[PDB]
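As structure tokens, one chain now follows by itself in the form deposited in one PDB entry.
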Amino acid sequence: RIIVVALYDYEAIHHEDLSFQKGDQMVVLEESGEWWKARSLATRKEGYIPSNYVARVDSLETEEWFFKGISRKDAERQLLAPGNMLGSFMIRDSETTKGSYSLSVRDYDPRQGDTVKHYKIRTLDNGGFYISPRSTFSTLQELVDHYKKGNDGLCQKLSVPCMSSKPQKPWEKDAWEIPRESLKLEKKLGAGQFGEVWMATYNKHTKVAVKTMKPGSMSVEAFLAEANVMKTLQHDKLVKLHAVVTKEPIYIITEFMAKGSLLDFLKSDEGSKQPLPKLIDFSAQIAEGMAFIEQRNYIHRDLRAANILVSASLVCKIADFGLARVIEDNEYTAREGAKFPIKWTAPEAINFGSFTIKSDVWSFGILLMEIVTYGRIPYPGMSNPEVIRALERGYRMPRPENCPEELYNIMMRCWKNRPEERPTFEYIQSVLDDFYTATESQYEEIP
């Protein structure tokens, strides 16, 4: 008997699902995947439900100011998003203290601009919580109501909970390999060497993107084996693979990303106006994605701004991870020109076909330069043979205008000729995540 309460408004997309009145009471049965079967209270008939729309009644997951799952870094991004105000806040699980909590509050000063301050919410041994010992509370709800009435030592008085959008409905049960007929291709987004990309509708109810691979470009079995690894690479900064059509021409089905590639974005009216701290935040988002790929012993093989996608809310998501591996070299793909771009590719990958996480690190440094130049071609003024020979003699792209020296230093580290000398994405992540907050403490010590 596990009791669970609803949270959002959702009607059955399928024919087996129930209703959500933004408030209800349910009791879960089986807990496989992201769809759960639950015994509900309207009234004595049930079915399957999306797990991300519900929560246990005991935990704080029901509270509007609590954000389960998210990181410190993501708390900051969420809060600094447009639509939030001074003293906007959230409570989340602590990162550096298991079982305890953290308060994140949107702040402002003329000297540092918009910032997010973090406070340790310590738990008392016999029940209750405090930030400062002189002010303890039975519940986190009491803590919140307290600091809503006055800052009492915090940077700001709490105003309203961090805004949040209703999450993506989880993908249909056991719909990994789907029929081609289940997709309606509505708008061609782009045409490339080995396939096209379409905006499309799945089963007349869900917006997706579909990459349609050219006949001759991939083998069904080799692709499916690889895709079965790709789908498990689940992370906020990787684009999500929903499903595949396992019949030539092979279709790849993913979440749709409203702002297209980061390269397109940086070259748009809107993206060309992003300020440098936002550019650095894109870099950090990609580094986080790559550190996950690195921790999972996977290889991207074609990391560049063109293969980064951008959401409506400016989340960067890595796409085409691993795809280059299963694009075949034959008479068909050959008449399409270069398989990989020389200017983005590590020298050992070019010279010997040695693709590793370390050649991805090389590509990342190039991507960094693409970002800070808003999508300029690498090595301007140079041919491909000229780039290769210059690189062999220690030439590296010089630092451009409007590039912080520490960002350049990171690029130069990525561009070591010997791969073992290049940093880890775990390192790159940490430096970029803390780029502007290096000489600052994690949490504020409130008297």
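Only the largest set of C-alpha atoms that superpose within 1.5 Å between the two forms is called the rigid core. One-based numbering along the sequence shown.
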{"property": "Other entries omitting residue 341, at least a third", "result": "no"}
{"property": "At least a third of other PDB entries omit residue 331", "result": "yes"}
{"property": "Average Cα temperature factor in the PDB entry - higher stretch of 238 to 246, 173 to 181", "result": "173 to 181"}
{"property": "Given 140 to 148 and 269 to 277, the range whose Cα B-factors average higher in the PDB entry", "result": "140 to 148"}
{"property": "Residue selected from 198, 340, 374, 352 by maximal Cα B factor", "result": "340"}
{"property": "Deposited CA B-factor, highest of 97, 104, 71, 156", "result": "97"}
{"property": "Position of residue 260 among the chain's modelled residues by C-alpha B-factor, lowest, middle or highest third", "result": "lowest"}
{"property": "Relative C-alpha B-factor of residue 411, binned into the chain's lowest, middle or highest third", "result": "lowest"}
{"property": "Chain-relative CA temperature factor third for residue 78", "result": "middle"}
{"property": "Third of chain Cα B-factors occupied by residue 202", "result": "highest"}
{"property": "Chain thirds of CA B-factor: placement of residue 430", "result": "middle"}
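The form deposited in another entry exists for this protein as well; it is not shown, and the discussion that follows is about that form.
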query	finding
Core-superposed comparison between the shown form and the other one: the option from 390, 382, 57, 412 whose CA moves 2 angstroms or more	57
Rigid core fit then residue 403 CA moved by 2 Å or more between the shown form and the other one	no
Yes/no, residue 25 Cα shift of 2 Å or more between the shown form and the other one with rigid core fixed	yes
Rigid core superposition, residue 39 Cα moves 2 angstroms or more between the shown form and the other one	yes
